[PDB]
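What follows is a set of notes on a single structure, which appears directly below.
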Amino acid sequence: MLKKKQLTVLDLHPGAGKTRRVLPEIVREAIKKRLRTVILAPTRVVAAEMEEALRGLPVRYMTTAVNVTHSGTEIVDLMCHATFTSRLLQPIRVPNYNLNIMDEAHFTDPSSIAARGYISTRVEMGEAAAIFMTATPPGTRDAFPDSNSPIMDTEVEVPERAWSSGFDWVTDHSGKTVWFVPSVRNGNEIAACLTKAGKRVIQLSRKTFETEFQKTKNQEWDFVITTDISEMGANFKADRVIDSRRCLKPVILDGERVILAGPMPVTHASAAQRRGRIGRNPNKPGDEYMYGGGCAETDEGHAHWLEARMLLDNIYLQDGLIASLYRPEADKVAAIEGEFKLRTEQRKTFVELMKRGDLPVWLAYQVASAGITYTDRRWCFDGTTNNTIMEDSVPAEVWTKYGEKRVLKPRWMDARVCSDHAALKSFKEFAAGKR
Ligand SMILES: CC(=O)c1cccc(NC(=O)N2CCOCC2)c1
């Protein structure tokens, strides 16, 4: 695998040992061959699991998720997918790694897609080797891959709202269930219904994942209600997955606004990763996968691939050259390589709106490309009446940095800034000048 100009897809089935058995063998061989190596974890939770798998090997943990005193002599670096892309975008030297290892390489967040595009372009240039570790590479069509033990697959109507009757099988179960929902708001309603029925529920989403995931180890629970973030190498001691088989799709309308379309079917890759949370113990056959819909290739036209192009257009590669998306995922967007390349000061603004502003890539791009500076929040208030953000069926209001109460009416509307109470709270703080 370790030869320059090689990209290997390590596509062993979920639970086959890619992280705990194969990765340490790859790292030992890379160190023997003096390959400057990066290992990319999708989440801080996976970063910590990797430290355990790699313990004693000379690896530099570029993450506060691990508390280890480093020698200063490591040639292997470990960081999150997002950290890799972030450092490429910033005016910081990222080593030209000889070997690029991406764990949970199916991750479809924009920074992960961009990282794959940059890495696969360096490999195509003859500059580097790469290993993408995933059971479900891009365009996989198999929702039911092999497992460590047999899975009971059942197509069944799955509730997406509170229920009073007609789903006894949900609550009649005595084991532990991981339940994939399409949104935080949908999980909140199901979680409340289960809580009312006497169940112990933990909810996981991107913003809460590290903190709340620890509760799955520290407390007894009956259900984990999770969004798609638990597709990325989250492991549970569970005997059932309930899968809505639904997700939200960010869609850019008319180059002008982003909506969260759906819920709509998941991809085959997502369905396989959701299912792959169970059947992992060869000694515990008959784990259950209850699924409530079909699969479809809903990554086609999904904003994350256009956002990945916005990131890659703003990463230096060589002179004016621009990294391509990884070939198998390159048709998911209609985009011209370089169309989103920003001049130096607008690029800095773009980066800060993502890094400090915590804005979605698309929205950060609209603001930066309009020639607005990072601290200028006038655009949060001067949109059309139809861009009014609503909070409990009334227009959201904030005090501006000038001390004026105004309706939140952003010039560019991206549904991700108000997808749930926590998102809208964060965006209100942004509009107010509080970060
Ligand atoms: C984003 C982030 O957390 C980050 C970013 C850059 C560097 C590091 N830390 C290191 O380079 N390590 C670990 C600490 O002490 C020895 C060297 C962490």
Side-chain angles (χ1 to χ4, degrees), residues 1-2 4 6-12 18-19 22-42 46-47 50 53-54 57-63 73-134 137-139 233 305 308-330 337-338 341:
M1 315 193 198
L2 269 46
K4 208 161 290 196
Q6 190 127 77
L7 192 147
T8 304
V9 179
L10 182 66
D11 68 344
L12 302 181
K18 294 184 298 300
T19 301
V22 183
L23 178 62
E25 288 171 3
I26 293 164
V27 166
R28 273 185 209 98
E29 184 170 338
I31 291 161
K32 176 178 174 67
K33 295 185 172 161
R34 295 300 198 290
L35 303 181
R36 192 76 165 85
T37 297
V38 64
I39 305 168
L40 300 183
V46 171
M50 285 181 167
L54 298 168
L57 291 180
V59 174
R60 176 191 218 210
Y61 292 90
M62 289 177 60
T63 169
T73 66
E74 300 88 351
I75 62 165
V76 180
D77 294 334
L78 190 148
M79 70 181 78
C80 286
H81 300 188
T83 303
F84 181 76
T85 298
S86 179
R87 291 177 78 89
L88 288 175
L89 281 161
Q90 293 182 256
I92 134 173
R93 187 167 21 258
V94 172
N96 278 347
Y97 297 101
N98 306 120
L99 180 62
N100 302 267
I101 305 166
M102 181 182 271
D103 200 5
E104 308 295 348
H106 54 278
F107 196 7
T108 59
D109 281 10
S111 61
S112 298
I113 301 159
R116 288 193 292 281
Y118 179 85
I119 289 161
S120 58
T121 295
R122 291 195 59 237
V123 170
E124 187 193 349
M125 287 171 153
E127 291 300 336
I131 304 167
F132 289 176
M133 298 195 287
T134 177
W305 282 267
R309 278 258 43 95
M310 290 171 161
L311 298 175
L312 283 179
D313 281 353
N314 288 286
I315 289 166
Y316 181 79
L317 181 64
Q318 184 174 288
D319 298 317
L321 295 180
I322 291 180
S324 292
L325 299 174
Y326 174 47
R327 176 50 261 195
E329 69 191 321
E337 305 187 348
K341 179 177 178 165

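Note: hydrogens, waters and symmetry copies are ignored here, and every other heavy atom, side chains too, is used. Start at 1 with the first residue, then count along the sequence.
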Task: Spatial distance of atom CE (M1) from atom CG (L7) [nearest 0.5 Å] - done: 12.0 Å
Task: side chain to side chain donor-acceptor pair (under 3.5 Å) against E337, all qualifying residues, sequence neighbours excluded - done: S324
Task: Distance, nearest 0.5 Å, that separates CG of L321 from OH of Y316 - done: 8.0 Å
TODO: Give, for atom OH of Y326 and atom OG of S112, the distance between the pair rounded to the nearest 0.5 Å.
DONE: 14.0 Å
Task: Side-chain touch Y97/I39, heavy atoms, less than 4.5 angstrom - done: no
Open item on the list: So which atom in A41 and which in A47 form the shortest heavy-atom distance, rounded to 0.1 Å?
Closed with: CB-N, 3.8 Å
TODO: Kindly indicate, with the supporting measurements, whether the criterion side chain to side chain contact (heavy atoms under 4.5 Å, CB included) is fulfilled by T85 and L311.
DONE: CA-CA 8 Å; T85 298; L311 298 175; 4.1 Å; yes
Task: Where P137 and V9 come nearest, the two heavy atoms and their spacing - done: CG-CG1, 3.8 Å
Task: Value rounded to 0.5 Å, distance of OH in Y118 from CG in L325 - done: 15.0 Å
Task: Heavy-atom closest contact (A114 atom, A308 atom, distance) - done: N-CB, 3.9 Å
- [ ] Indicate yes or no: at least one non-hydrogen side-chain atom of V76 is less than 4.5 angstrom from one of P58.
- [x] no
Task: Side chain to side chain, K33 and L99, heavy atoms closer than 4.5 Å - done: no
Open item on the list: Contact between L23 and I101 at the side-chain level, heavy atoms closer than 4.5 Å - yes or no?
Closed with: yes
- [ ] With side chain to side chain contact (heavy atoms under 4.5 Å, CB included) as the test, would you mind laying out the steps for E74 and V59 before giving the verdict?
- [x] CA-CA 5 Å; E74 300 88 351; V59 174; 5.5 Å; no
Task: Check: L35 main-chain N/O paired with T37 side-chain donor or acceptor under 3.5 Å - done: yes
TODO: Determine whether the side chains of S86 and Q90 contain a donor N or O and an acceptor N or O closer than 3.5 Å.
DONE: yes
TODO: Kindly indicate whether the side chain of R36, heavy atoms from C-beta on, has any atom under 4.5 Å from the side chain of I75.
DONE: yes
Task: Qualifying residues under side-chain contact (heavy atoms from CB on, under 4.5 Å), relative to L12, sequence neighbours excluded - done: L10, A16, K18, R21, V22
Task: Nearest-0.5 Å distance, CD1 of residue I131 to CG of residue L40 - done: 11.5 Å
- [ ] Search all heavy atoms of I26 against all heavy atoms of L2 and return the closest pair with its distance.
- [x] O-CD2, 4.1 Å
Open item on the list: Just so I know, are the side chains of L78 and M50 near enough to count as touching, which here means a heavy-atom distance under 4.5 Å?
Closed with: yes
TODO: Taking all heavy atoms of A323 and all of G117, pick out the closest pair and write down the distance.
DONE: CB-O, 3.9 Å
Open item on the list: Do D103 and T134 make a side-chain contact, defined as non-hydrogen atoms from C-beta onward lying under 4.5 Å apart?
Closed with: no
Task: Side chain to side chain, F132 and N100, heavy atoms closer than 4.5 Å - done: no
Open item on the list: Once salt bridge (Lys or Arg N to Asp or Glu O under 4.0 Å) is applied, what residue pairs with a partner in residues 309-329 remain, sequence neighbours excluded?
Closed with: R116-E329, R309-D313, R327-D331
- [ ] Rounded to the nearest 0.5 Å, what's the gap from CE on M133 to CE on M102? Could you check?
- [x] 10.0 Å
Task: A130 versus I119, closest heavy-atom pair with distance - done: CB-CG2, 3.4 Å
